[PDB]
Each structure stands twice: as structure tokens, then as C-alpha cells.
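These notes concern the structure reproduced below.
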Amino acid sequence: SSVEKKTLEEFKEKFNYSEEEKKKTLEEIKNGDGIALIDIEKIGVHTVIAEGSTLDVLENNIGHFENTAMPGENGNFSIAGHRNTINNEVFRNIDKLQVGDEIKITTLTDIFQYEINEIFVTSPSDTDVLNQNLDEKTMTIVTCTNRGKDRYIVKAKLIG
């Protein structure tokens, strides 16, 4: 969209940074900065993930929950695809994803492939979806469902 494209283009430009420059931007990250690309072939999602899950971030971008793992790390890299009761239109077709579909996450240094292994509906107060189990490498997408009343959760495990 507007800010989305910008965040997206600014991040892609950093692929041409050197390694210390990349590492330096790792530290220094601020809410609203691009941190990864996300591609989900099954539903035509090809965009960027911003840091943070505040209302301000989520108005323009898919956002990374602050205290969750980063892509490829032990724990559960968690992303928010709604702002209050409104899904980012980028996830309008998330209900088409199935167990076994792939989610590709590209940081400045690596391509991580996650495979969906759990889909479920829960409440807005179910904070456990953001839990960090450091014995595994997983990711989570949180959007809304049921006229904004419930949360639609997609979880995926790192495969490559």
C-alpha cells in the first residue's frame, strides 16, 4: 500500500549492506522498521514484516510481537495481522491456508522455510499463543475471525 511499500522497499535495499552493516541494523531496530520479508505462495502474500505490534505499526504493516523470537530462532516468531478487530487486507485469504502449506521468511542473512502444522480459533485474551518454547523453532500468525470476536491462529514449524 503506502507505508507498506516504503517499509518493504527500504528493507530490500538493506540486502546490499555488508555484514557488519546488517548486524548493526539488527541491534538498533525500532518499531515500524522492516525486519523480514514474508512470502506465502498459496495466497499471494509477498510483503514485509515490521517490528512491533502497536496500533500505529499495525495500521500500515504486518507486525512482529516484541518479546517473541526472531525468524529462524529457538522459540516462536510471532506476527500480528490485524489491528483491533480489522484484519490487514494482506491476510484476507488466510483461511485458505492448510496444514502443510509453506511460509517463507527472509531476513537480511537467511531464508527460513516454515511449514504449517496447526490452525485454530481462540479468544482475544489467549496470550499462550505467544508463548516461547525454546526446544522448538516455530512461528505464529494472529488475525481475527468471527466478526472480530475471536482470533484465528496459524502455527508453523521450521523445516529448512
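Just remember, in the C-alpha cells the first chain shown is A, the second B, etc., residues are 1-based per chain, and ligands are 1-based in the order shown.
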
Would you pick out the contacts of range 16-21 of chain A at 10 Å or less, using only C-alpha atoms, so that residues sharing its chain but fewer than 4 positions from it are not included, and give the list as a list in words?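 Answer for this query is residues 11, 12, 25, 26, 108 and 109 of chain A.
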
Could you write those residues out with N, CA and C atoms, as a compact mmCIF listing (two decimals), in the first residue's frame?
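The result, written out as part_0.txt:
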# COMPACT_ATOMS: atom_id res chain seq x y z
N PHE A 11 13.63 -2.08 3.29
CA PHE A 11 14.24 -3.27 3.83
C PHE A 11 15.05 -3.96 2.74
N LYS A 12 14.42 -4.14 1.58
CA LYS A 12 15.08 -4.81 0.45
C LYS A 12 16.38 -4.15 0.10
N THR A 25 22.29 -3.17 11.93
CA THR A 25 20.87 -2.84 11.87
C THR A 25 20.05 -3.82 12.70
N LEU A 26 20.58 -5.01 12.96
CA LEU A 26 19.91 -5.96 13.83
C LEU A 26 19.72 -5.29 15.19
N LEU A 108 17.81 -10.47 6.50
CA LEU A 108 18.94 -9.96 5.74
C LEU A 108 20.04 -10.98 5.52
N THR A 109 20.01 -12.05 6.29
CA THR A 109 21.05 -13.04 6.20
C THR A 109 20.62 -14.44 5.82

For range 101-143 of chain A versus range 73-83 of chain A, which residues have an atom no more than 12 Å away, and what is each residue's nearest atom pair and distance in Å rounded to one decimal, using only C-alpha atoms, chain-then-number order, as JSON lines?
{"residue": "A:105", "atom": "CA", "partner": "A:77", "partner_atom": "CA", "distance": 10.3}
{"residue": "A:107", "atom": "CA", "partner": "A:73", "partner_atom": "CA", "distance": 11.6}
{"residue": "A:110", "atom": "CA", "partner": "A:73", "partner_atom": "CA", "distance": 11.4}
{"residue": "A:112", "atom": "CA", "partner": "A:73", "partner_atom": "CA", "distance": 9.8}
{"residue": "A:114", "atom": "CA", "partner": "A:77", "partner_atom": "CA", "distance": 10.6}
{"residue": "A:124", "atom": "CA", "partner": "A:82", "partner_atom": "CA", "distance": 11.6}
{"residue": "A:127", "atom": "CA", "partner": "A:78", "partner_atom": "CA", "distance": 11.6}
{"residue": "A:128", "atom": "CA", "partner": "A:76", "partner_atom": "CA", "distance": 11.0}
{"residue": "A:129", "atom": "CA", "partner": "A:78", "partner_atom": "CA", "distance": 8.6}
{"residue": "A:130", "atom": "CA", "partner": "A:78", "partner_atom": "CA", "distance": 6.5}
{"residue": "A:131", "atom": "CA", "partner": "A:76", "partner_atom": "CA", "distance": 6.9}
{"residue": "A:132", "atom": "CA", "partner": "A:75", "partner_atom": "CA", "distance": 4.6}
{"residue": "A:133", "atom": "CA", "partner": "A:75", "partner_atom": "CA", "distance": 4.8}
{"residue": "A:134", "atom": "CA", "partner": "A:75", "partner_atom": "CA", "distance": 4.3}
{"residue": "A:135", "atom": "CA", "partner": "A:74", "partner_atom": "CA", "distance": 6.7}
{"residue": "A:136", "atom": "CA", "partner": "A:74", "partner_atom": "CA", "distance": 5.6}
{"residue": "A:137", "atom": "CA", "partner": "A:74", "partner_atom": "CA", "distance": 4.6}
{"residue": "A:138", "atom": "CA", "partner": "A:76", "partner_atom": "CA", "distance": 4.6}
{"residue": "A:139", "atom": "CA", "partner": "A:77", "partner_atom": "CA", "distance": 4.4}
{"residue": "A:140", "atom": "CA", "partner": "A:78", "partner_atom": "CA", "distance": 4.6}
{"residue": "A:141", "atom": "CA", "partner": "A:79", "partner_atom": "CA", "distance": 5.0}
{"residue": "A:142", "atom": "CA", "partner": "A:80", "partner_atom": "CA", "distance": 4.9}
{"residue": "A:143", "atom": "CA", "partner": "A:81", "partner_atom": "CA", "distance": 5.0}

Write out the residues from the selection above, keeping N, CA, C and O atoms, as a PDB file, in the first residue's frame.
ATOM      1  N   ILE A 105      10.196 -16.928   5.156  1.00  0.00           N
ATOM      2  CA  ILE A 105      10.587 -15.748   5.899  1.00  0.00           C
ATOM      3  C   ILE A 105      12.052 -15.483   5.583  1.00  0.00           C
ATOM      4  O   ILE A 105      12.914 -16.328   5.826  1.00  0.00           O
ATOM      5  N   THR A 107      15.238 -12.993   6.105  1.00  0.00           N
ATOM      6  CA  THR A 107      15.856 -11.917   6.826  1.00  0.00           C
ATOM      7  C   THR A 107      17.003 -11.346   5.943  1.00  0.00           C
ATOM      8  O   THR A 107      17.203 -11.786   4.825  1.00  0.00           O
ATOM      9  N   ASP A 110      19.334 -14.759   5.903  1.00  0.00           N
ATOM     10  CA  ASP A 110      18.885 -16.142   5.663  1.00  0.00           C
ATOM     11  C   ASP A 110      17.470 -16.241   5.110  1.00  0.00           C
ATOM     12  O   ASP A 110      16.684 -15.335   5.292  1.00  0.00           O
ATOM     13  N   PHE A 112      14.258 -18.673   5.691  1.00  0.00           N
ATOM     14  CA  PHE A 112      13.691 -19.692   6.590  1.00  0.00           C
ATOM     15  C   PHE A 112      12.366 -20.205   6.040  1.00  0.00           C
ATOM     16  O   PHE A 112      11.491 -19.410   5.689  1.00  0.00           O
ATOM     17  N   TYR A 114       9.049 -22.247   6.872  1.00  0.00           N
ATOM     18  CA  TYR A 114       8.186 -22.831   7.918  1.00  0.00           C
ATOM     19  C   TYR A 114       7.000 -23.552   7.290  1.00  0.00           C
ATOM     20  O   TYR A 114       6.460 -23.153   6.211  1.00  0.00           O
ATOM     21  N   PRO A 124      -9.470 -13.488  22.175  1.00  0.00           N
ATOM     22  CA  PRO A 124      -8.522 -12.382  22.250  1.00  0.00           C
ATOM     23  C   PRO A 124      -7.735 -12.321  23.545  1.00  0.00           C
ATOM     24  O   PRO A 124      -6.707 -11.722  23.566  1.00  0.00           O
ATOM     25  N   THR A 127      -3.314 -15.384  25.575  1.00  0.00           N
ATOM     26  CA  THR A 127      -1.965 -14.912  25.440  1.00  0.00           C
ATOM     27  C   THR A 127      -0.950 -16.078  25.209  1.00  0.00           C
ATOM     28  O   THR A 127       0.192 -15.857  24.761  1.00  0.00           O
ATOM     29  N   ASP A 128      -1.363 -17.327  25.506  1.00  0.00           N
ATOM     30  CA  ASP A 128      -0.459 -18.508  25.356  1.00  0.00           C
ATOM     31  C   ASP A 128       0.004 -18.721  23.889  1.00  0.00           C
ATOM     32  O   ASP A 128       1.020 -19.370  23.653  1.00  0.00           O
ATOM     33  N   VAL A 129      -0.720 -18.160  22.930  1.00  0.00           N
ATOM     34  CA  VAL A 129      -0.327 -18.343  21.530  1.00  0.00           C
ATOM     35  C   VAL A 129       1.007 -17.710  21.252  1.00  0.00           C
ATOM     36  O   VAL A 129       1.663 -18.066  20.238  1.00  0.00           O
ATOM     37  N   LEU A 130       1.389 -16.745  22.099  1.00  0.00           N
ATOM     38  CA  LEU A 130       2.681 -16.095  22.003  1.00  0.00           C
ATOM     39  C   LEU A 130       3.779 -16.746  22.847  1.00  0.00           C
ATOM     40  O   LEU A 130       4.941 -16.274  22.815  1.00  0.00           O
ATOM     41  N   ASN A 131       3.476 -17.842  23.510  1.00  0.00           N
ATOM     42  CA  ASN A 131       4.499 -18.484  24.340  1.00  0.00           C
ATOM     43  C   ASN A 131       5.738 -18.892  23.533  1.00  0.00           C
ATOM     44  O   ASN A 131       5.639 -19.239  22.342  1.00  0.00           O
ATOM     45  N   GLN A 132       6.891 -18.859  24.189  1.00  0.00           N
ATOM     46  CA  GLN A 132       8.184 -19.164  23.632  1.00  0.00           C
ATOM     47  C   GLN A 132       8.724 -20.480  24.184  1.00  0.00           C
ATOM     48  O   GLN A 132       9.239 -20.526  25.293  1.00  0.00           O
ATOM     49  N   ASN A 133       8.591 -21.536  23.414  1.00  0.00           N
ATOM     50  CA  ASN A 133       9.195 -22.830  23.692  1.00  0.00           C
ATOM     51  C   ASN A 133      10.512 -22.916  22.952  1.00  0.00           C
ATOM     52  O   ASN A 133      10.555 -23.125  21.711  1.00  0.00           O
ATOM     53  N   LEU A 134      11.610 -22.758  23.708  1.00  0.00           N
ATOM     54  CA  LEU A 134      12.934 -22.756  23.134  1.00  0.00           C
ATOM     55  C   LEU A 134      13.442 -24.128  22.715  1.00  0.00           C
ATOM     56  O   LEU A 134      14.487 -24.190  22.127  1.00  0.00           O
ATOM     57  N   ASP A 135      12.705 -25.188  23.007  1.00  0.00           N
ATOM     58  CA  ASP A 135      13.011 -26.533  22.486  1.00  0.00           C
ATOM     59  C   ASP A 135      12.626 -26.655  21.003  1.00  0.00           C
ATOM     60  O   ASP A 135      13.084 -27.593  20.356  1.00  0.00           O
ATOM     61  N   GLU A 136      11.830 -25.724  20.454  1.00  0.00           N
ATOM     62  CA  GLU A 136      11.476 -25.810  19.037  1.00  0.00           C
ATOM     63  C   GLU A 136      11.698 -24.495  18.311  1.00  0.00           C
ATOM     64  O   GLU A 136      12.092 -23.529  18.918  1.00  0.00           O
ATOM     65  N   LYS A 137      11.544 -24.496  16.969  1.00  0.00           N
ATOM     66  CA  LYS A 137      11.678 -23.294  16.179  1.00  0.00           C
ATOM     67  C   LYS A 137      10.398 -23.197  15.402  1.00  0.00           C
ATOM     68  O   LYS A 137      10.195 -23.979  14.470  1.00  0.00           O
ATOM     69  N   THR A 138       9.513 -22.280  15.803  1.00  0.00           N
ATOM     70  CA  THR A 138       8.173 -22.186  15.273  1.00  0.00           C
ATOM     71  C   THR A 138       7.818 -20.773  15.029  1.00  0.00           C
ATOM     72  O   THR A 138       8.598 -19.862  15.291  1.00  0.00           O
ATOM     73  N   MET A 139       6.676 -20.590  14.375  1.00  0.00           N
ATOM     74  CA  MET A 139       6.168 -19.272  14.135  1.00  0.00           C
ATOM     75  C   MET A 139       4.675 -19.284  14.243  1.00  0.00           C
ATOM     76  O   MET A 139       4.050 -20.337  14.238  1.00  0.00           O
ATOM     77  N   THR A 140       4.118 -18.069  14.388  1.00  0.00           N
ATOM     78  CA  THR A 140       2.682 -17.898  14.674  1.00  0.00           C
ATOM     79  C   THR A 140       2.193 -16.673  13.955  1.00  0.00           C
ATOM     80  O   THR A 140       2.869 -15.671  13.931  1.00  0.00           O
ATOM     81  N   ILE A 141       1.029 -16.794  13.320  1.00  0.00           N
ATOM     82  CA  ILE A 141       0.326 -15.644  12.720  1.00  0.00           C
ATOM     83  C   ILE A 141      -0.997 -15.480  13.424  1.00  0.00           C
ATOM     84  O   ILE A 141      -1.730 -16.427  13.567  1.00  0.00           O
ATOM     85  N   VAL A 142      -1.257 -14.304  13.930  1.00  0.00           N
ATOM     86  CA  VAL A 142      -2.501 -13.982  14.611  1.00  0.00           C
ATOM     87  C   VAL A 142      -3.333 -12.980  13.802  1.00  0.00           C
ATOM     88  O   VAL A 142      -2.861 -11.873  13.514  1.00  0.00           O
ATOM     89  N   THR A 143      -4.549 -13.370  13.458  1.00  0.00           N
ATOM     90  CA  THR A 143      -5.530 -12.492  12.802  1.00  0.00           C
ATOM     91  C   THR A 143      -6.838 -12.652  13.538  1.00  0.00           C
ATOM     92  O   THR A 143      -6.903 -13.358  14.539  1.00  0.00           O
TER      93      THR A 143
END

Env of residue 90 in chain A: 10 Å cut, atoms = only C-alpha atoms, seq-sep filter 5 positions within chain, self excluded. Answer as a ChimeraX atom specification. /A:1,43-47,61-62,81-82

Save the residues we just selected, C-alpha atoms, as a short mmCIF file (atom, residue, chain, number, x, y, z; two decimals), in the first residue's frame?
data_model
loop_
_atom_site.label_atom_id
_atom_site.label_comp_id
_atom_site.auth_asym_id
_atom_site.auth_seq_id
_atom_site.Cartn_x
_atom_site.Cartn_y
_atom_site.Cartn_z
CA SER A 1 0.00 0.00 0.00
CA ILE A 43 -2.41 -16.96 -1.01
CA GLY A 44 -0.27 -14.48 -2.95
CA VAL A 45 1.22 -12.82 0.10
CA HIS A 46 4.53 -11.11 -0.74
CA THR A 47 5.38 -8.33 1.62
CA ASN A 61 2.07 -3.27 8.27
CA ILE A 62 2.11 -6.80 9.45
CA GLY A 81 -2.04 -9.37 11.02
CA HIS A 82 -4.89 -7.37 12.44
#

Which is closest to residue 158 in chain A among A:126, A:4, A:118, A:102, if we use only C-alpha atoms? A:102

Closest atom pairs, residues of range 100-122 of chain A within 12 Å of range 144-148 of chain A, only C-alpha atoms, as a Markdown table:
| residue | atom | partner | partner_atom | distance |
| --- | --- | --- | --- | --- |
| A:120 | CA | A:145 | CA | 10.5 |
| A:121 | CA | A:145 | CA | 7.8 |
| A:122 | CA | A:145 | CA | 9.3 |

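Of note, CA of residue 68 in chain A and CA of residue 99 in chain A are spaced 22.4 Å apart.
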